[PDB]
Structure formats: structure tokens, C-alpha cells
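Residue numbering restarts at 1 for every chain, and letters A, B, ... go by the order of the sequence lines. In what follows, every heavy atom counts, from backbone to side chain, and hydrogens, waters and symmetry copies are set aside.
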Amino acid sequence: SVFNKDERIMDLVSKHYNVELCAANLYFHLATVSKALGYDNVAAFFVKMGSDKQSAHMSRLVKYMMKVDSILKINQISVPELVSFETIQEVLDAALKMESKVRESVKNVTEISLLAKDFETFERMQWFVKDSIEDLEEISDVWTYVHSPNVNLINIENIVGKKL
Amino acid sequence: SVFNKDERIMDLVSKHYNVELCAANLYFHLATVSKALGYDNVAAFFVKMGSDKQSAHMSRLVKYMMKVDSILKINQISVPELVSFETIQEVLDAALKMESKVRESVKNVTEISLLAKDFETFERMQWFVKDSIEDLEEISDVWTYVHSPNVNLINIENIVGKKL
Amino acid sequence: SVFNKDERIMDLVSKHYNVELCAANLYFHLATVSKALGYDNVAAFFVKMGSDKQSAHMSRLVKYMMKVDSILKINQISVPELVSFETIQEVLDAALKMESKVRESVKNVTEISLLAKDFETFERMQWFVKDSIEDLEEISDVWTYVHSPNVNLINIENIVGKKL
Amino acid sequence: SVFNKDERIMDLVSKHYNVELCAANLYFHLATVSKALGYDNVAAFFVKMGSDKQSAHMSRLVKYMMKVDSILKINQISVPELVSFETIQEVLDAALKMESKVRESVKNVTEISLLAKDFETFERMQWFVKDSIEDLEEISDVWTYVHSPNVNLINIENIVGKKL
Amino acid sequence: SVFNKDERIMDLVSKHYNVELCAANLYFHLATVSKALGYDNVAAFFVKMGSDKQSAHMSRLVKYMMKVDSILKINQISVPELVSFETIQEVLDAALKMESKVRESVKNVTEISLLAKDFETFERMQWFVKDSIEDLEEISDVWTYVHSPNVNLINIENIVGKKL
Amino acid sequence: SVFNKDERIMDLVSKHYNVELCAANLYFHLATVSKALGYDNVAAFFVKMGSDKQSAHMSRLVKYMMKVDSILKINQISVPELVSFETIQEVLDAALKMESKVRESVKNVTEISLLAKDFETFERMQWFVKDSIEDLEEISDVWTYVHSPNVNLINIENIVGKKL
Amino acid sequence: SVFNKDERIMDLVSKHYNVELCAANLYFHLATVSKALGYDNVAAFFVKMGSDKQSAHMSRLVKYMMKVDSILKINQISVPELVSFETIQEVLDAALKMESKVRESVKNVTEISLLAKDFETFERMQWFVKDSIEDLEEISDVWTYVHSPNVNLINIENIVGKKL
Ligand SMILES: [Fe+3]
Ligand SMILES: [Fe+3]
Ligand SMILES: [Fe+3]
Ligand SMILES: [Fe+3]
Ligand SMILES: [Fe+3]
Ligand SMILES: [Fe+3]
Ligand SMILES: [Fe+3]
Ligand SMILES: [Fe+3]
Ligand SMILES: [Fe+3]
Ligand SMILES: [Fe+3]
Ligand SMILES: [Fe+3]
Ligand SMILES: [Fe+3]
Ligand SMILES: [Fe+3]
Ligand SMILES: [Fe+3]
Ligand SMILES: [Fe+3]
Ligand SMILES: [Fe+3]
Ligand SMILES: [Fe+3]
Ligand SMILES: [Fe+3]
Ligand SMILES: [Fe+3]
Ligand SMILES: [Fe+3]
Ligand SMILES: [Fe+3]
Ligand SMILES: [Fe+3]
Ligand SMILES: [Fe+3]
Ligand SMILES: [Fe+3]
Ligand SMILES: [Fe+3]
Ligand SMILES: [Fe+3]
Ligand SMILES: [Fe+3]
Ligand SMILES: [Fe+3]
Ligand SMILES: [Fe+3]
Ligand SMILES: [Fe+3]
Ligand SMILES: [Fe+3]
Ligand SMILES: [Fe+3]
Ligand SMILES: [Fe+3]
Ligand SMILES: [Fe+3]
Ligand SMILES: [Fe+3]
Ligand SMILES: [Fe+3]
């Protein structure tokens, strides 16, 4: 291809796609867990988060790879490691860990692409640098609500409903 | 200048500008503290209060000084004395003390300008006499919410969100 | 906090807020000086510049700090050192020196955040890199008008009026 | 309360509320007297005056007291002393005496709040200073109509109808 | 008058006006008490209730009396007996007692007017028979909220705010 | 009259009407002088200032006197002392002196009425306290343009045209 | 000036301005007298007449003088000779005499300008020839109303209200 992208950097872009999809996959799982625990609005929140990963993150990554004629590889990175959840607090713990890993993945691809003088990839990653902050803040806020002392299921449902 | 304003009264107007800016500066600080404590809506409330001090209070004061060809002096009065905050209750304590000082500043400039027969300054201060009541009520209401017995973070966030 | 920002970098962001506020404070002061020297449109220009620092620069900085749960500290950096002004030329000299320092501050935070691999702060500073050019150009253009040979007060007022 | 109002001044504000209510009570009474004497439009005029006391005067007073956390006390001041009326002239005599007392009450609260340096109450009373003129003029004008020489019931009804 | 209403029934209509005004007077008092206790929305609720008594109840009664050329007499019945309130529960106790007395007054005038074959007054009272149920339900609902076990000030304020 | 105004204060109101009319009369004179000196836009500026005195200042004064049943007396105060003008600078000197006198007259009525406890007149003068600043600023601005070093007729005409 | 108007004719134009202003001054005085005598609508009629002299008559005269570079001089002709009025009939007597004099002054300027072959001034006076008839008719009609046998204050007020 005339774009002659380095396969190391493109593999990192592909890996970050798998990390965003791993998050999406986890969030759709956590939506069903949250609902079964009685948290309809927390469940809808996770559906929104997973849908956003598809429509805003994964879509930008696959579109960028096509712009530079590079190949997206899906693999086992995309499948989240599932533990058992007994409380809505444990659900949010897992979501916070996942989104924090998305953010670290963004930072890694951003740093390495700049190191490698791949300014096209560095430029495409800037949207993700900014938006990873937003996504981590959203999950962090809901983690705060469910971990706050002396809150009840209705309190959690009510305030999370205001993020939909 | 043909307006021949007395420098004593104009210095008091300038000082009150610094007091409104001190409040703005404190509120933007308290916004970041509130957010770090987990209170996104209380943080937004403080951003609103500080922005209002800029757009409604400081703007009217500097416009008035220009109408009468007098000089605005910014100085150390504008920099708030920062203590450490560990709870959202301590944050609101500091906000209540600050706005109460704004209100006392308004009263001082109002009283002294009338004493000095500066009816132009007395007239300009009437907006501030009225609005200082509103601003103190707003901060007082949020102080009441966070100090009420047996409330939780979600309760506070929910009711403060209704003031945005 | 889950964002785990480098306090030394976030302190630089907080210091840059104080530099933008120091510019705003100087411009509101220079508005009243300009007006008292007979320059109503130059005064309105400085009101616009200070108001823009509030609504576009300081707002973005405090919003960013809240996104990453970091603390904004206002201090004496925000208070401009005021010299006396006898001419509108000296007024614009002071404004040009101030905005040049704003631009150097932006560059410093941008450079240090990049070197520290704080890509989130580097990304947020890009808006300031671009806008600092604009603000410096605006003040430099007025500096050029008031320092050109053989211009009169009406000349200056008329052309500055076109910038409003 | 953080507003720390002077109870003796706020009691005067509460008494002025009772005076406005005493006027409203008298006007609703005088509406029924006017109607029974054959004066449908004069009766409608008194309904308008009493309704205005409720919606514009009493509403502003209780809103102000709530702004400063002060207590409204209704007492026997609010109950007008009723004499018998045989003519529409006597009806308007009573209304003129009443509204004149409303205006004296406004003046008293305004004067005492200023002397006490309660600028917040002085500011709130300014609307009443202006509007008491209007209300007294309206009643005095109808007084003039019904007391003019050689006028008949139809004359009075027709011209008062134009005030509705 | 050609309407020849019996003075006994008209005195009862006049007395019921005083009872609705007594309720209005109490509710405006209770608005200031509620606000001073920290309940801004409960205070607004009482302002709404008192304003409704003026605009919907008292207005219909004075209009009816004028239709039948009868005289409205305001007296001491209109002045509520004020006790001291220390809690928002005691405030709602007093409101519930007052509205319950309004409803009993409606029933008395309705029953006696029918007994007396005053079908005009019986017909006019039908609006009040229906609406007294609504007003007692509204106050009863807020009484229920403030007396419910384990509620806090924010809970009360939040749910009462939904009735405004 | 039921208004029972102090004729000494009302005579001051009437005198201030004559001072505003004196200013209007001077400005219509100076419009014709400015025009004859070659300054079409300065002439239009004076027509605007004189018309403003009529429609905004004199109108409010005569309307206030009628509200309180008091008598407006026009006398020699209203006739400006005319001197010869050879330059547009002399024209603006006269206008600046005149509007300074208007502002001083406003302050005199305001201060004396307040001292006399004529709160109705003090209230009516507040609009004049505020607007006298605006009118003096307007005339002062044109004075500044015509007195600035090294300006020509076209410069003056162009910038004054922007005020129309 | 290139227009080279004759000073005696332009002095007569300026004198006619003073006559229209004398009428305006008288009418604003008579408005306050009319109001104090109990005639709200007659007072509003005089405000209308005086305002029309300002906006329609005086404005055209000063605009014409500026067109031909001539100078407007206000002098004691503009100050009406006031006598005491005890009745609304005496008020209208004075107004009718004043407007008759305006009409005679129009005729005088029109006549001498034609004699002098000042066709520019003759042309400008044609608007005044026509409109003086209208203004005299208006005042004459109100004179007729207040001087008609057996009319009362309400009669006068009602029909004059139709002219507003
Ligand atoms: Fe549900
Ligand atoms: Fe996202
Ligand atoms: Fe998102
Ligand atoms: Fe948060
Ligand atoms: Fe809840
Ligand atoms: Fe709760
Ligand atoms: Fe949030
Ligand atoms: Fe405010
Ligand atoms: Fe506010
Ligand atoms: Fe409150
Ligand atoms: Fe809640
Ligand atoms: Fe900018
Ligand atoms: Fe800019
Ligand atoms: Fe030159
Ligand atoms: Fe120019
Ligand atoms: Fe009113
Ligand atoms: Fe009114
Ligand atoms: Fe007759
Ligand atoms: Fe009639
Ligand atoms: Fe509230
Ligand atoms: Fe109701
Ligand atoms: Fe209702
Ligand atoms: Fe219920
Ligand atoms: Fe609980
Ligand atoms: Fe609870
Ligand atoms: Fe709640
Ligand atoms: Fe010209
Ligand atoms: Fe003006
Ligand atoms: Fe103006
Ligand atoms: Fe100026
Ligand atoms: Fe020019
Ligand atoms: Fe130009
Ligand atoms: Fe006319
Ligand atoms: Fe006319
Ligand atoms: Fe009539
Ligand atoms: Fe008649």
C-alpha cells in the first residue's frame, strides 16, 4: 500500500480496538447482571456505555485502519474475563477496572505512535485521549454513587436514571 | 474628569469588586474540591455561582467605574485564604462565610456612599443590595441540604442538581 | 482518585489558570485606565479581552481539572503588578507584555506535559496553543495602531471600534 | 439565621402586610356595598383594587420575608373597622381614608428601615413607595367622580367602567 | 333588593369567606415558618395554597354575593390563632387542622342552604364541595410525607417540589 | 389634595424641569451653531440630546407632578444664557458646562428630598441619578473628540456620526 | 453661508419657534393645573398638545434653520405669562388664547416671507398654515365642551378622553 504503515503501530491500533470491544462486551454482560440484581437504570447505563463503545470508539478505529489500508485483527483480547458478581458494588468495581484499562490502552498507543513518528496514528488517537477521560468519569461517578455510605437501591436507581 | 468622583468612595467600589472576585475565586476552587469529593452537581453549582459573580457582579462594577471615569484596582483582597477541606460540609461552611462577607461588603459600600452623598454610587449599589440576598439564599439553601441530619451523597446531589 | 494525575503537572495547569486570570485582571484595570484617558473603544476592547479570558480560557481549565479530579488553587500569581500609566501607548505596552507572558505560559505547560507523557494535559493545551496566537495578535494589532506615527485619538478610537 | 435581620424592622414589614390586607379586605367589602347600591362598575373597580393588593403588594411582602427567613404574622390589624354606608359617596370616603393609611404605612417602614441602616428593607420598599402613589391616585380619581356636582349614577358608572 | 336573599344564609356565606381567608392567612404564615425551618419547597407549597384560596375560593364567594346584592362582612374569624412551631411536622399538623375546618365549613353552608331552600346558594356551594376534597387531599398528602418514618429534609423537599 | 406634598420640594422638582428644558433649549441652539460651523453630525448629535431631554426627562417630571397633584411652573430658568461661539470647541465647552449643571441639579433635588423625608420624590429622582451619568458621558465624549490634539473636521464628523 | 438667508426673516422663524415653545410650556403647565382640578383626561390632552408642538412643530423649524445654516435663538418669548386658574373653564380660555397667537404668528412669518420673496421660508411655512388650523380646532373643541351649559366634570372627562 502507498500508505506503508508500520505493522507494529497498526497491531497496537488493532489491539486497542479489541480493548474497546472487551469493554463493550463486559458492559453488555454487566447490563444483564445489573438488571437481574434489580437495577433497571444501572442496566440501561451499561447498555448506553457498550453502545457508545461500538458507535463512537470501534467505528473510528476501523474507519482509520481502512483509511490507511491496514487490517483489523479481532482475537481473544476482546473477550472479558468474567467473575461472579453478587452485589451492584462488585459490578461497578469490574466496570471501573475495565474502563481504567481502556484509558491505559489509549495512552500506550498514543505514546508509542508518537515515539514511532506515526503522526497519523497520534492524531487519530487524540479523540480517544479526550474521550477516555469522559468515559472513565462516567463510570467513576456511578461507582461513587453505589459505594456511598447509607444509600439504598432507589437512591442509586434515581440518580443513575439522570445520566440516561 | 468632569465626574469628579471622590476617591474614597471609588476605592470602596474597587474593593467591593475585589470581594466579589474573591468569592468567584473561592467558588471555582470549591468546585474542584467538591468534584474530587464525589459531588459533581455541587461542583457545577459552584461553577454557576462563580460564573455569575463574573458576568453579573464584576461586570456591573467595572462598567460603572468606566461611566464615572474611575480606576479599578485589583489587589490581594481578591485572593481567598484557602484552608484544607475534608468534607462537603466544610466546603459549604467556607462558601457560606464568603457569601456572607460579600453581603456585608455590599452593605458597607451602600451605607458609606449614601453618607458621602454619592447618590450615583448608592443607586448603582441597589442592584447589589437586592442580589446579595439572592446569592446568600442560594448558598444558604445548599448549606442546609448538606448539613441536614441523615442525608446521603445521592440525596445531596439530587437536590442540588435541581438548582442547575 | 482513579485518574492518578501527576500533582506537579496539575499544579502547572493551576498556575496557568492564575496567569490567564492575571491577564483578565490587568485587562479590566486597563479598561478603566483607557476610559479615563478618553479611549472608550479601547476600554471596550479590554473588557472584551478580559471577558474572553473568563469565559473561554479559565472555564476550560477549571473544567479540565474537574474532569481529572484535580484541585484549582488561586494565589498571588493572579494579581497583576500595576504601574502608573500616563498615555494609551503605555497601556498597550503593558497589555502586550501581559499577553506575551500568557503565551509563554501555555508553551511551558504544553512542553512539560508532553515531556512527562501526560497526553491528557497535552491534548487540553492544544486549544490554548492555537488561541494564544489569536489573543496575542489582537493585542499586538491594537499596539500597532496606538504606536503608529501621526495618528490621533479619533483615529485610534475608530479603528479599534471595528474590532468590537 | 444567616441573614440576621432586625426583628423590630421585620415586624414593621409584617405590620405593613396587615395594612395592605386590611385595604384588600375593605375593598372586597366595599365591592359588595357598591354593587348593592346599584354601582356594578364601582364594585368591579373595588374587586380590582383588592385583587391587586393580593397579587402585587402582599405577594411581594411575603416573598421578601421568606428571602430573609423572617416570619409573617397576621393579626387584627388586617381586619377593617366597618361603618354603615348609605351612599356611594360614603363608600369612596372610606376607600380614600384607607388607601391614604396604606401610603402612610409605606412611608413609615421606608423611613424607619433607612434610619436603622436596613438597606435590604429600604430597597424592597421602593416598589411600594412608587405604587402607593398609583393606588392612591386611582381611588382619589373615583372619589373625585362620585363627589363632583351634578353627576348621576349613570355618569359615575360609565366613567369608572373606563378604568376597568 | 329584588333577590331578597335571607340574611341568615348570606351571613353563612360571608362566614365561609372568612374561613377560606383564615386558611389563606395561616398558609402565608406557614410559608414563612417553613422557609425559616429550611423547607423552601414546602414554603412554596403554602404560598400556592394561600394564593389558590384567594384566586379561586374567595373570588367565587365575593362574586356570588354581588350577583345576589348581598354584603360581605370580614371579621375576626379571618385571623388564625397562631401557636409556636418548632418542626415541619407541627407546621403540617396545623395546616391539616385548618383545611379540615374549611371542609367542615363548606359542608355546613351547603347543608343549611339546602335546608333553607336557598337553591342558589346550594348550587354555588357545589364547586366548593368538590374542591374542598382536592385541597384537603393536597395538604393531607404533604402531611403524610413529613410524618413518614425515616424521611429526611431532602426527601421531603424533593417530593413536595413535584407538587409545584 | 390627598397627596399633601411639600410645596418647597415640589418647587424644586419644577425647577429641575426648567434645568432640563434649559439644556434642551441650549442643545437645539447648539445644533444650529454646529451646523453653521460645518458639523452636520455634531448638529444631529445635539438634536438627539435635546429631543431626549424632552421625551425622557421632562416627560417623566411632568408625569410625576401630575401623579401627586402638583403644579409645574415654567420660568426664566429655562432660557439659556447665550454667548458667541466661533469654534466647535467653544460649542462643546458650553454643552459640557450645561450638562454638568443638569447633573448637579439632579443631585440637589435627590439630596434635599431625602433629607425632607419625601421618599416619593427621592424614588422618582433615581432614574435621573442614573441617566444624568449617561448624558454627561455622551457630551463629555464629544468634548474629548473635539479637544483632542491634531484632529480635523472630518475626523470629528466621522466619530460623532457613530453616536447617532 | 451659501444660502444667504435674510437675518430678519430667519429671526422671525426663530421667534415662531419660541411661540410654539411658549405654547408647549403653557400646555405642560395647564396639564398639571387640569389634573389638580380633577380632570385627568383634559390633563392628558394638554400633554398631547405640548408633545405635538415639540415633535411636529419645533422639530420642523429647527430642521429648516439647519438646512439654510441659520441660528435658532431661544429667549423670553418662550416663557408663558401665567395667571392663576380656579376653574377648568379659565384653563381652556388661556389655551384658546395661546393657540390663537400661534396661528397669528404662523400668518405673520408666512406673510413677511412672501413679501420678502423668501420662497424657501414661505414653502416651509405651508405645513404650519395647514396644521395651525388643526391645533386651534382641537383646543377650540375642548373649549366648547367645557363652556357648554349644564355639563358636569364626568361629561367633560368622557368626551375629552375620546381625543386621546
Ligand atoms: Fe424500571
Ligand atoms: Fe466514549
Ligand atoms: Fe461517552
Ligand atoms: Fe464524579
Ligand atoms: Fe432517591
Ligand atoms: Fe433517602
Ligand atoms: Fe455526575
Ligand atoms: Fe448574583
Ligand atoms: Fe444569582
Ligand atoms: Fe433555604
Ligand atoms: Fe435523593
Ligand atoms: Fe482567547
Ligand atoms: Fe480571543
Ligand atoms: Fe495629521
Ligand atoms: Fe479615523
Ligand atoms: Fe397597587
Ligand atoms: Fe395598582
Ligand atoms: Fe343634569
Ligand atoms: Fe355618562
Ligand atoms: Fe431551594
Ligand atoms: Fe382549592
Ligand atoms: Fe386546589
Ligand atoms: Fe395521599
Ligand atoms: Fe436512611
Ligand atoms: Fe435514607
Ligand atoms: Fe429524595
Ligand atoms: Fe454641513
Ligand atoms: Fe438622557
Ligand atoms: Fe440619553
Ligand atoms: Fe469617554
Ligand atoms: Fe476620520
Ligand atoms: Fe469611518
Ligand atoms: Fe400640531
Ligand atoms: Fe395636532
Ligand atoms: Fe358623560
Ligand atoms: Fe349627563
Side-chain angles (χ1 to χ4, degrees), chain B residues 1-20 57 60-65 67-73 75 77 100-133 136, chain D residues 3-6 8-10 12-13 68 106-126 129, chain F residues 6 9 12 16 100 103-133 136:
Chain B
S1 160
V2 69
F3 287 91
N4 192 44
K5 303 304 293 175
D6 197 276
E7 191 167 79
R8 279 289 177 142
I9 307 301
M10 296 301 97
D11 283 354
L12 284 178
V13 173
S14 210
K15 176 181 189 179
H16 184 64
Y17 183 105
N18 283 269
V19 171
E20 302 272 19
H57 296 246
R60 278 177 173 78
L61 295 163
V62 69
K63 285 198 202 143
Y64 173 63
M65 294 197 83
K67 286 292 173 189
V68 294
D69 291 340
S70 299
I71 301 306
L72 169 66
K73 307 145 180 181
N75 60 32
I77 297 307
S100 177
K101 293 175 181 303
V102 175
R103 175 174 178 249
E104 284 315 294
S105 190
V106 170
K107 186 177 190 304
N108 189 53
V109 182
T110 298
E111 182 179 7
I112 302 313
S113 65
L114 181 62
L115 178 62
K117 319 293 196 194
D118 185 350
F119 294 94
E120 294 170 348
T121 297
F122 180 76
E123 192 290 326
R124 167 72 292 173
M125 292 307 298
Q126 295 313 293
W127 182 91
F128 292 85
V129 170
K130 188 174 181 59
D131 201 67
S132 266
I133 298 170
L136 185 56
Chain D
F3 286 90
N4 192 43
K5 304 299 292 173
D6 190 332
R8 304 188 312 286
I9 301 287
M10 298 309 105
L12 287 179
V13 173
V68 295
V106 168
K107 189 188 166 142
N108 185 57
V109 180
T110 299
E111 179 173 351
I112 293 166
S113 64
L114 183 60
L115 274 40
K117 316 299 169 54
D118 180 352
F119 291 103
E120 292 171 348
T121 297
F122 180 78
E123 193 284 329
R124 171 70 292 175
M125 291 310 301
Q126 298 309 293
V129 169
Chain F
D6 187 341
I9 303 297
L12 285 177
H16 182 67
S100 296
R103 173 178 179 245
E104 176 58 39
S105 179
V106 164
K107 179 157 143 201
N108 188 57
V109 181
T110 302
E111 179 173 352
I112 294 176
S113 67
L114 181 64
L115 188 65
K117 317 302 180 60
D118 185 352
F119 293 104
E120 293 169 350
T121 296
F122 178 76
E123 193 284 332
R124 169 70 291 175
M125 293 308 300
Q126 297 309 292
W127 181 93
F128 292 85
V129 170
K130 186 170 177 54
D131 200 68
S132 266
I133 300 172
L136 183 55

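- Across all their heavy atoms, F/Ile9 and F/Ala116 have their closest contact at CD1-CB, 3.9 Å.
- For the pair B/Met10/B/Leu72, no side-chain contact is recorded, criterion being any heavy-atom separation below 4.5 Å from C-beta on.
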Could you pull out all donor-acceptor pairs under 3.5 Å where a side-chain atom in residues 104-112 of chain F meets a protein atom, sequence neighbours excluded?
{"residue": "F/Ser105", "atom": "OG", "partner": "F/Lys15", "partner atom": "NZ", "Å": "2.9"}
{"residue": "F/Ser105", "atom": "OG", "partner": "F/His16", "partner atom": "ND1", "Å": "2.8"}
{"residue": "F/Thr110", "atom": "OG1", "partner": "F/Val106", "partner atom": "O", "Å": "2.8"}

Go through the steps to decide whether F/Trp127 and F/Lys130 satisfy the test side-chain contact (heavy atoms from CB on, under 4.5 Å), and finish with yes or no.
CA-CA 5 Å; F/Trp127 181 93; F/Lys130 186 170 177 54; over 6 Å; no
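- The side chain to side chain donor-acceptor pair (under 3.5 Å) search around B/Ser113 returns none, not counting sequence neighbours.
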If you apply the rule side-chain contact (heavy atoms from CB on, under 4.5 Å), what do you find for B/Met125 with D/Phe119, and how did you get there?
CA-CA 10 Å; B/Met125 292 307 298; D/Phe119 291 103; over 6 Å; no
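- Between D/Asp6 and D/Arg8 there is a salt bridge, with a side-chain nitrogen of the basic residue lying less than 4.0 Å from a carboxylate oxygen of the acidic one.
- Distance alone, capped at 3.5 Å, is enough to place a donor-acceptor pair between the B/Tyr64 side chain and the B/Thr121 backbone.
- Ionic pairing of B/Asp69 and B/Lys5 is not present here: no N-O contact between side-chain nitrogen and carboxylate oxygen is shorter than 4.0 angstrom.
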For side-chain contact (heavy atoms from CB on, under 4.5 Å), just list the numbers for B/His57 and B/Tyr17, CA-CA rounded to whole Å, side-chain angles, deciding distance to a tenth of an Å, and then say yes or no.
CA-CA 8 Å; B/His57 296 246; B/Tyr17 183 105; over 6 Å; no
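- Side-chain atoms of B/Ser132 and B/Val102, non-hydrogen and from C-beta on, do get closer than 4.5 Å to each other.
- Partners of F/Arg103 according to the salt bridge (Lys or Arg N to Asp or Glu O under 4.0 Å) rule, which considers only residues two or more places apart in sequence or in another chain, are B/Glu120.
- With values rounded to the nearest 0.5 angstrom, F/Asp131 atom CG is found 12.5 Å from F/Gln126 atom CD.
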Take F/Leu136 and F/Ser100 through the test side-chain contact (heavy atoms from CB on, under 4.5 Å) and record every step on the way to the result.
CA-CA 7 Å; F/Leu136 183 55; F/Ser100 296; 3.9 Å; yes
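- B/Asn18 places a side-chain N or O within 3.5 Å of a backbone atom of B/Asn75 that can act as its donor or acceptor partner.
- Rounding to the nearest 0.5 Å gives a distance of 11.0 Å between CG of B/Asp118 and CD of B/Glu123.
- The aromatic rings of D/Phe122 and F/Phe122 lie tilted to each other, with the angle between the two planes from 30° to 60°.
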